[PDB]
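Keeping their order, the protein sequence lines are chains A and B.
Numbered per this note's numbering, the first sequence spans residues 1 to 614.
Numbered per this note's numbering, the second sequence spans residues 1001 to 1214.
We put the CB at the ideal spot given by N, CA and C, even for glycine.
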Amino acid sequence: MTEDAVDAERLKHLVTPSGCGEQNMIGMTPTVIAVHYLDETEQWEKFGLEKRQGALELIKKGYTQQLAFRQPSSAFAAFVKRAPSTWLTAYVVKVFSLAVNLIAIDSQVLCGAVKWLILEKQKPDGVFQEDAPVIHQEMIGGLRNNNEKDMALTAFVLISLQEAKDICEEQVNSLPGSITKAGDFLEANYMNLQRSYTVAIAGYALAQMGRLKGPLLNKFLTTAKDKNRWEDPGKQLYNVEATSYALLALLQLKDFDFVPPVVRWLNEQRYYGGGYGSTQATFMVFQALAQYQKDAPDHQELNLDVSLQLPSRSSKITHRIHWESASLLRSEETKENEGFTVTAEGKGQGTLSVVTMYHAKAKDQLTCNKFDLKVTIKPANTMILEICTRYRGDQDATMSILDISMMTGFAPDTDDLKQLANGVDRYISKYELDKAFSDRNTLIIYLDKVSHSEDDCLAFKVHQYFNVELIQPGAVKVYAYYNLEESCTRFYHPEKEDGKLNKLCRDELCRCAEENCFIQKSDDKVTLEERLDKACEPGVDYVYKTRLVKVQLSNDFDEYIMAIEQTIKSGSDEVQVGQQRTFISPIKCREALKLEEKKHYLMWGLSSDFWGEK
Amino acid sequence: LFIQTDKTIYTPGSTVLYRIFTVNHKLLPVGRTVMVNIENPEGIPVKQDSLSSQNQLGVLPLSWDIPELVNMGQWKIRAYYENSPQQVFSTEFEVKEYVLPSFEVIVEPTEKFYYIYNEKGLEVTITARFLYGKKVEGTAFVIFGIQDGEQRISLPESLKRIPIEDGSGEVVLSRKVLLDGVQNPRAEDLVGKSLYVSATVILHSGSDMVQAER
């Protein structure tokens, strides 16, 4: 939303100071305004770094010459003998006010000039009177024409005083009164003005002090031609300078609806300065371009302050986003999911995003994906073990590793492994093949290919030699070599269907009970005194009087409705007495013995026998 | 700012210990203020801090405990001097699910190139030694491919199992395989593209698997 300034490539023609005071002004003004514009636009990187020092030297030389040319009454004129000219003094004041930033200028000289002008150079009505017109008036711009020349001079001198008002505000106290009188005089007879240049300069003079309101803005806006510039018949330089003062007035008023068209018109005009009788227009246009920069109209309005109403209500969390923090991402971490209120305040626009991360229940996702293992064992000590594989993909499988991890005290029959290694597309490492014997409980088999349409599978015998009860279930695990996270696993056990161990689980609280259901007592020892004496062991905690009431079944366990009569010996629980109780037992325990309802039973146990949640 | 992290791969739920050396253009300790931001894999800062190197002799030990629920992949630590925020120094540490391996696999081809007109094919040697200095016995799968630009295409007829005895095995990629795997029969037009060797080793125990790629 901005217009690029001039690259200043063709502004190289912008003259050593020489001649009298007027000629020295002619020399300095284009160079001074050019260096000011270059400083504002920061384009010295390409115009040439060295020339700035020469420019400063020449402008300082001219400034020193004019300081030597200053009259004892702090007056500036073409000649010291010649009467001082109000327009020349105002122009020198403007040049000094522009050059104080670049070169040192005595503020006392400016204050003395202001006092001298105020004392006798003005009428009580606020009219600025020129006591001596310049000898060379062909380069003063629109002031050469006599129509409404008094108003134009009044506005120009008023602008020159106001732009230097802050410099001599303390020294001169009558300046604000003169400024107010001049503004009142300008606004009194604004309707008589017809020239666009005079109208523009009068409007700038009125706006710099703060009385541009009401129908004046409407008249100025309707005065625009093609909504780009204020032109008058005659020289186009007057139109250029009128547009310059118009855009300065707009910038002072900060009216953004008209600046882009004006700057676009100026850019397409392609005014490079120079020529004859174009000092005022060049100075104004380059000052306009410089003032446009460092105050570029854009959309930097980011001063947001955002506050969060946390559900915990511990405190108030607020943060501010500025232009320097337009790319500042602040992350907020909350451990609780609850509605929270966000307040957005301040100029600008902001973005909010909230993301939550958690664990989701599996949607019937199985561990063994894209494989199908079916491991089987069967009695023929000999056992024929046959592992059947398949690939669930659309294509034939790559090379796969069929791993085997035998049980306790079980070893492969070394006669079959010979032809398995000898066979086609089944390779077993020589190191695993030669050792064998009782030493190996772990065999690895490499598969050249795994069929994805049929089930080609192997079968070899495994013996037993250690004869230990409570055998650990084995394992079989296949996986294509290119990854490990995608595999399968099956466990083979001679007696258990899959060797998953007994696991009595309710809902999601699993636990295992790998032990006997009860003692297979044939009532051979009818002496219950020994049993009663042995029941006092530390491994016994509670003894209860129980009577079965109702018998119920479940999926993998059976529940019985107990009726507590009395707590014989503690129990680390509420005695309760007389309320229904439930006993959870493995489904296999039904075969060992089935409890009968309406019968008295004696049972004793320990702390871990009480499983569940109260 | 030379950032040093103790490890090069972290698991979620593990603390990050790192230092931030502060030296000037002449490589001498300096007292300046630093800023550090630790970025997610996507590039959103997670932690911000400000430290001073004054009276610390140019070392600023720091810490961070990785949150349990975090994204994987490369993370980044960007640190920059407070006076010059437009120059930033960084390091990358990877968050991954891993358990430490047991042995290093080294694949060094006999020549660090492949002559296009050689009729013998690529000669690669795969060697595997345990971490603490013992030789490995196992079986190693290898594969070859052509890496052009950023697209990697593998050679289906190239994967081989070459059992390693005394921790060294050798496989060769015959030039017929290399020519037939690519769809351009012109051998000369294949120049410039780079091969890549992916070696997977599994012990005869079958308990541990390690991957090494050259």
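Residue interval of the beta strand (DSSP E) (run including residue i)
i, result
"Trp1075 of chain B", "1073 to 1081"
"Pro72 of chain A", "Counting along the chain, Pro72 of chain A falls outside any beta strand (DSSP E), and DSSP gives it neither H nor E."
"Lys550 of chain A", "542 to 553"
"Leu447 of chain A", "442 to 447"
"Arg506 of chain A", "503 to 506"
"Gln1004 of chain B", "1002 to 1005"
"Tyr1018 of chain B", "1015 to 1021"
"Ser1063 of chain B", "1062 to 1065"
"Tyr1196 of chain B", "1194 to 1203"
Contacts of residue i in chain A (Cβ-Cβ under 7 Å)
i, result
"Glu1137 of chain B", "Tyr431"
"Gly1206 of chain B", "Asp403, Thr442, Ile444"
"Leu1159 of chain B", "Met399"
"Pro1012 of chain B", "Within chain A, no residue comes near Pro1012 of chain B; the closest Cβ sits about 12 Å away, beyond 7 Å."
Beta-carbon neighbours of residue i, restricted to chain A and to distances below 8 Å
i, result
"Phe1141 of chain B", "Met399, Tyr481"
Closer than 7 Å at the beta carbon, the chain B residues around residue i
i, result
"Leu484 of chain A", "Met1209"
"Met357 of chain A", "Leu1069"
Beta-carbon spacing of residue i, residue j below 9 Å
i, j, result
"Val1088 of chain B", "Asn1040 of chain B", "no"
"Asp455 of chain A", "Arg547 of chain A", "no"
"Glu1092 of chain B", "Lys1076 of chain B", "yes"
"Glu345 of chain A", "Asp298 of chain A", "no"
"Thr527 of chain A", "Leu373 of chain A", "no"
"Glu508 of chain A", "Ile561 of chain A", "no"
"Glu1150 of chain B", "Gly1181 of chain B", "no"
"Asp416 of chain A", "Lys461 of chain A", "yes"
"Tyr1018 of chain B", "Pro1061 of chain B", "yes"
"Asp125 of chain A", "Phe47 of chain A", "no"
"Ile201 of chain A", "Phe128 of chain A", "no"
"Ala1128 of chain B", "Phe1103 of chain B", "yes"
"residue 616 of chain A", "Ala90 of chain A", "Only positions 1 to 614 of chain A appear in the structure, and residue 616 of chain A is not among them; the question remains open."
"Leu1179 of chain B", "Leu1122 of chain B", "no"
"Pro586 of chain A", "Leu501 of chain A", "no"
"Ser1198 of chain B", "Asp1148 of chain B", "no"
Best match in the options for proximity to residue i [C-alpha to C-alpha]
i, options, result
"residue 626 of chain A", "A:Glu529, A:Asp150, A:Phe610, A:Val551", "Lying outside 1 to 614, the shown extent of chain A, residue 626 of chain A is not represented and no answer is given."
"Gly499 of chain A", "A:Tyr482, A:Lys521, A:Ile471", "A:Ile471"
"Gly142 of chain A", "A:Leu237, A:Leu602, A:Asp416", "A:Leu237"
"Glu332 of chain A", "A:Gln309, A:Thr282, A:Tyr446, A:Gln66", "A:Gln309"
"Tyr1117 of chain B", "B:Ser1063, B:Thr1139, B:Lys1176", "B:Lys1176"
"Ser1063 of chain B", "B:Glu1165, B:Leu1051, B:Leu1122", "B:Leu1051"
"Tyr358 of chain A", "A:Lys378, A:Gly350, A:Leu67, A:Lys335", "A:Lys335"
"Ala83 of chain A", "A:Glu130, A:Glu42, A:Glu40, A:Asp106", "A:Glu130"
"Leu1100 of chain B", "B:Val1023, B:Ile1162, B:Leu1131", "B:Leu1131"
"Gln419 of chain A", "A:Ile401, A:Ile404, A:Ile445", "A:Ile445"
"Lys12 of chain A", "A:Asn381, A:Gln291, A:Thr31", "A:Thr31"
"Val450 of chain A", "A:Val478, A:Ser314, A:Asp439, A:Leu532", "A:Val478"
"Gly612 of chain A", "A:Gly605, A:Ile584, A:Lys594, A:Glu338", "A:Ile584"
"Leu366 of chain A", "A:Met191, A:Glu485, A:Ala296, A:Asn337", "A:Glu485"
"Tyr1196 of chain B", "B:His1204, B:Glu1165, B:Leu1001, B:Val1124", "B:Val1124"
"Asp226 of chain A", "A:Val262, A:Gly210, A:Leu193", "A:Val262"
"residue 972 of chain B", "B:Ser1014, B:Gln1048, B:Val1142, B:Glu1213", "The structure shown does not extend to residue 972 of chain B, since chain B is modelled only from 1001 to 1214, so the question has no answer here."
Partner residues on chain B for residue i, Cβ-Cβ distance less than 8 Å
i, result
"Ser331 of chain A", "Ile1044, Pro1045, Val1046"
Unbroken alpha helix (DSSP H) run spanning residue i, endpoints
i, result
"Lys418 of chain A", "414 to 422"
"residue 949 of chain B", "Here chain B covers residues 1001 to 1214 and nothing more, so residue 949 of chain B does not appear."
"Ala242 of chain A", "236 to 253"
"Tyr431 of chain A", "430 to 435"
"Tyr1115 of chain B", "Per DSSP, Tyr1115 of chain B belongs to no alpha helix (DSSP H) and is neither H nor E."
"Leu38 of chain A", "21 to 41"
"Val1136 of chain B", "Where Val1136 of chain B is concerned, there is no enclosing alpha helix (DSSP H), given that its DSSP letter is neither H nor E."
"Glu268 of chain A", "259 to 269"
"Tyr197 of chain A", "196 to 207"
Closer than 9 Å at the beta carbon, the chain A residues around residue i
i, result
"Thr1200 of chain B", "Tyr481, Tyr482"
### Those runs of the alpha helix (DSSP H) which lie wholly inside the region 554 to 602 of chain A and span at least 4 residues
589 to 592
### Message
Which runs of the beta strand (DSSP E) at least 3 residues long sit entirely within the region 280 to 319 of chain A? Give them in chain order.
### Response
303 to 309
#### Entry: Within the region 478 to 527 of chain A, ranges of the beta strand (DSSP E) (whole runs, at least 3 residues)
488 to 490, 503 to 506, 509 to 512
### Query
Counting only runs that start and end within the region 1146 to 1176 of chain B, where is the alpha helix (DSSP H) found for 4 or more residues in a row?
none
### Query
In chain order, which alpha helix (DSSP H) runs of at least 4 residues are fully inside the region 97 to 159 of chain A?
Entirely contained in the region 97 to 159 of chain A, the alpha helix (DSSP H) runs reaching 4 residues are, in chain order, 107 to 120.
### Query
Taking only runs of the beta strand (DSSP E) that begin and end inside the region 323 to 354 of chain A, which ones reach a length of at least 3 residues, in chain order?
341 to 345
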